[PDB]
Amino acid sequence: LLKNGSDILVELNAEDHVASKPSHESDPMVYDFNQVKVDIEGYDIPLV
Amino acid sequence: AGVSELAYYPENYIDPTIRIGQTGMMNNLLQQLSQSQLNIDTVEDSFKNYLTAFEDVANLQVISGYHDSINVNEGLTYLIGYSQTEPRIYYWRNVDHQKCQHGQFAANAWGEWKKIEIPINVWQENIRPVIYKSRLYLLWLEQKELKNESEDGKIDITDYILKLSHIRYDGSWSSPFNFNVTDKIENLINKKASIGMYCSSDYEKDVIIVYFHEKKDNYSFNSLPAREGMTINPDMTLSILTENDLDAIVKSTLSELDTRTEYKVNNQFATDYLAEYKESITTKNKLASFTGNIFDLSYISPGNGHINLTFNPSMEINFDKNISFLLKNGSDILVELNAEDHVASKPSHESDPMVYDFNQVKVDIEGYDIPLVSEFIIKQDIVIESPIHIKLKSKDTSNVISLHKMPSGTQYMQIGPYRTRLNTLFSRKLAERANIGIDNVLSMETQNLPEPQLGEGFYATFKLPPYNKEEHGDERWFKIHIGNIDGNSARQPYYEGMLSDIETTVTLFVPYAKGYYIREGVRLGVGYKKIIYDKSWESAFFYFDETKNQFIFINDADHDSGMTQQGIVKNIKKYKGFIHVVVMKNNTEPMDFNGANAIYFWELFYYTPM
Amino acid sequence: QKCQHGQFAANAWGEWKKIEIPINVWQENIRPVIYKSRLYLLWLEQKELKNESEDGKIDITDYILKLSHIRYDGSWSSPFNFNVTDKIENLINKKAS
Amino acid sequence: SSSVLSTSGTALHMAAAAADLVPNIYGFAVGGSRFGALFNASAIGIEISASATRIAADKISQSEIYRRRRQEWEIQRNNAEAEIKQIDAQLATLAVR
Amino acid sequence: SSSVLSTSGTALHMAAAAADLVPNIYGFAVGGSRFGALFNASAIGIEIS
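How each quantity is defined
Residues numbered from 1 in each chain as written, not as in the entry; some residues may be left out. Chains lettered and ligands numbered in written order. Part of a larger assembly, values for the part shown. Heavy atoms only, no water. Residues with missing side-chain atoms left out of burial classes, pairs and counts. Axes fitted to C-alpha atoms, helices over the stretch in contact; angles between N-to-C directions. Helix = DSSP H or I, 4+ residues; strand = E, 2+ residues; numbered from the N terminus. Parallel < 35°, antiparallel > 145°, perpendicular 65-115°, else oblique. Left-handed = near helix turned anticlockwise from the far one by under 90°. Contact = heavy atoms within 4.5 Å. Buried < 20%, exposed > 50% of the residue type's maximum accessible area, 1.4 Å probe, protein only. Pairing = 2+ DSSP bridges. Buried area = accessible area lost by both parts, 1.4 Å probe. Salt bridge = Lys/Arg side-chain N within 4 Å of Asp/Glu carboxyl O. Polar contact = N/O pair within 3.5 Å; in protein donor to acceptor, adjacent residues only side chain to side chain. Nonpolar A, V, L, I, M, F, W, Y, C, P; charged D, E, K, R; others polar. Core = buried A, V, L, I, M, F, W, Y, C linked by side-chain atoms within 4.5 Å.

cryo-EM is the method the PDB entry lists for this structure, together with a resolution of 2.84 Å.

Pasting the structure below:
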């Protein structure tokens, strides 16, 4: 979940829209959600 | 009791002030800090003066190397690095290959960088080290361009000079020995060519070999490169070397030549073989010294792995069915000689030394390591053992140290599949830490700063089954091997570890350089004391997809009609021997306190605060 | 950061520090630059060598960019030379400062 | 300060030597550049290094003579304290007498 | 260390002197090489000794 000051710009889930969900035989579980594109205006952009 | 307590409790005998093997910058900090009065400003200025020297040694960069042996995996390599100055200052260090037990060096293998006192102005990075008579010689080219840039009396003089310097026992360097070599380099420049430089030491002949060659993309053993050469004696006179000797001496070491895109490290020169033997060996009995010896050993290789020895054995007893000569292989008595039979000029008893001089001994042996044992049997029980170890020089590219520099700034040495980091890029991160404060350089986050991955490559974690004496064998180990690297597509011993209890994993870096991966890509199978894997997709097959610009593991499912680096193959089985094989996707490997520059990081983060 | 509204305090200003490296700037083309939190120092030098003759008139100009940076002990690096006379002569052959 | 500042001139001797290897003269005389400049700078660098470690030796020797001075002062202080205790006890035996 | 490291520069003064005996200048001016370079290096070597 990516926020602006109060605007949740992009919210992503692990069950939805994620290719190659890792298996439990891996000790590190890498999820790799998707490519995140977003269009923001302003000059100081404190994203979280 | 002191020695045994120092074994069991080394903590009682460590002082932070002196240490066996501390560097010069450590001693210089100790000098600069040895006062009665230590302010915070004095100690911070001392630490910044330490960080300057640490930065100067951290920004070193290897040009060339020399391996002191026939075989790469046996001797020890001499590297030369330079600093980031316009008066470029050169350094030499040492790394031992006996210390690496399986592909990877310990930090005990690496020597400290040592500044060479002699000022050196290399033309086009043609600077090579060479070990001659266990002494570090240092060869480099210099040019003298003097151009008029005019029409009335246009003058263009180039003077190419080869300089030789060697190290003394007190760490000093010899005054450089000049060789006017501008004729040969101008003969290679009048042909449209970039010039390489071979420097190695012949041991059979007592000379060192310097030839200059053109840089091709490949050397094909029928089209030899354009070459003019030279050899120079232990007395520093120059020896002329004819073109027949030059052709044989280039054909013997084409595999070690610097091409246009890949930098090599020269080995010790050997045409086919080198024999390790001593001539005279004595016994000094209470009756008589027998002193049997081998006089004139010569060998000719007629083919690939064969050899034709020729020597004249004798024994020189000074005060029959008796004394004999006998040469063995491992168990094969190859030549047996008697004194009564087939010996001309049997000595008389009026001689005090009795020289026998058996005959000329010819023998035809095959192999690459030939541990011969020449024995002078005296019994009736006195055996004079004279070993002759005859080692072949493998002309394969696996017997060649290659060194590479990535555009990221990292710089690695590659022997076969194994890659070893030579450089560090800590200095490029250090200034942001150091201008903030002295607390920030000695942080743990400074110690956890990532580094590049030594080439193209990728990582893979291999999860392993428990040991239970079946499906594993007896001796409780695994050998993760590798295949499909060179034109050699076979089981190469990539990694070895002791097999453990319920779960054990290992993440291996797997290299890539666009010329590897002969058929289907690199396979990575398991070895055991029982039946080893890698039987028709039992191994772990990878390849590099050039379209997606990433590495793809082939096996995972029971995939059908899957993509391989050749093309689509029909039926792809799962890997066998592991449980879980997955590409690790940008692993870190932060700073390697067991690496090449490990002594400098230990001195920075532990010994200097101590 | 020390100037709270338009005007600096004297806490904002640092002491002048002499640079050890001797520098011969051509036409005041000397610029500082901070790179990786480190003070680099760039300047041009020229080498004019003029014959002032008719028989064999020779006019050589060599414009060289030099780079030096500061160390942690207050010392300055030996300057790193860059032959840049082609670009500056391309800007000089056009009538331009 | 002397021992540290002495060492900071050898890289600048190096810069002098690297600057004096390019040929000065141009034209019908092709060029004159001194060839032993790098050897002269490396020699004067090893001389200034030897001078710097001499003065570091003098620094540490003066620090050690100050430490031994303080130790001898400790001897004298313990002597004076013991003697004033002795004179106090002699005042005690004189009060008894 | 000072007494040992002081002596290790006289052979490199020698190398400077041997390098400065070959003529620098070429062309219509034939060559300029300083002739008392070896004497100057031997003198500074005996001074550093």
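So, next bit.
1. Looking at the packing of helix α3 (residues 37-96) of chain D against helix α2 (residues 10-19) of chain E
Packing of α3 of chain D against α2 of chain E brings their axes to within 8 Å, and their N-to-C directions diverge by 160°. Taken as axis vectors, α3 of chain D and α2 of chain E run roughly antiparallel relative to one another. Classified by chirality, the crossing of α2 of chain E by α3 of chain D is left-handed. Mapping the contact onto sequence places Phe-39, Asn-40, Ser-42, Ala-43 and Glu-47 of chain D in α3 of chain D and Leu-12, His-13, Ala-15 and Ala-16 of chain E in α2 of chain E.

2. As for the pairing of strand β24 (residues 369-377) of chain B
Residues and elements named next belong to chain B. β24 sits mainly inside the fold: seven of its nine residues count as buried. Two elements, strand β20 (residues 324-328) and β24, share five bridges in a ladder whose sense is antiparallel. Of the residues in β24, the one forming a bridge with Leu-326 is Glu-375. Relative to strand β25 (residues 383-392), β24 is paired through nine bridges, and the arrangement is antiparallel. When the bridges of β25 are listed, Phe-376 appears paired with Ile-384.

3. A short note on the interface of chain E and chain D
Each side of the interface is counted separately: chain E has 21 residues, and chain D has 20 residues. Approximately 1,600 Å² of surface area, both sides summed, lies buried where chain E meets chain D, with 68% of it carried by carbon and sulfur atoms. Where chain E touches chain D, the interface holds zero salt bridges. At the boundary of chain E and chain D, one finds six residue pairs in polar contact. Looking at the side of chain E that touches chain D, the elements with two or more residues in it are α1 (2-7), α2 and α3 (37-48) of chain E.

4. Some words on the sheet that holds strand β5 (residues 127-132) of chain B
Residue and element names in this part refer to chain B. One open sheet holds the four strands; their spatial order is β5-β6-β7-β8, and the pairing between them is antiparallel. With one partner strand each, in any of the chains shown, β5 and β8 (177-180) form the two edges of the open sheet. Averaged over all pairs of adjacent strands, the angle between strand axes in this sheet comes to 25°, irrespective of strand direction. Two elements, strand β7 (residues 156-166) and β8, share four bridges in a ladder whose sense is antiparallel. Looking across to β8, one finds that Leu-164 is bridged to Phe-177.

5. Considerations on the interface of chain B and chain A
With seven residues of chain B at the interface, the matching set in chain A holds six residues. Here the residues of the side of chain B that touches chain A are counted per class, giving two nonpolar, two polar and three charged.

6. As for the nonpolar core
Residues and elements named next belong to chain B. Counting residues in hydrophobic clusters, the biggest one holds 46 residues, and the most contacted among them are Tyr-90, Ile-120, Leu-139, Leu-162 and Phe-212. The biggest single contributor to this core is strand β6 (residues 135-147), with six residues. Beyond its immediate chain neighbours, meaning those up to four positions away, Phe-212 contacts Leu-141, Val-181, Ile-185, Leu-188, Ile-195, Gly-196, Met-197, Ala-226, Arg-227, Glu-228 and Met-230. Ranked by size, the runner-up nonpolar core spans 38 residues in total, among them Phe-47, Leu-51, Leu-60 and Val-441.

7. Some points on the environment of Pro-466 of chain B
Residue and element names in this part refer to chain B. Following the sequence through the fold, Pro-466 ends up in the loop between β29 (458-464) and β30 (477-482). Residues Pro-466 and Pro-609, 143 residues apart in the sequence, show an inter-C-alpha distance of 43 Å. If near-sequence neighbours (up to four positions away) are discounted, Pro-466 is found in contact with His-472, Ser-500, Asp-501 and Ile-502.

8. Digging into unusual backbone geometry
Residue and element names in this part refer to chain B. Non-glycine residue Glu-520 carries a positive phi angle of around 65°. Mapped onto the secondary structure, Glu-520 falls in the loop between β32 (504-510) and β33 (542-545). Positive phi, close to 80°, is recorded for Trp-537, a residue that is not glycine. Summarising the element assignment, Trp-537 is placed in the loop between β32 and β33. Judged by its relative accessible area of 10%, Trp-537 falls in the buried class.

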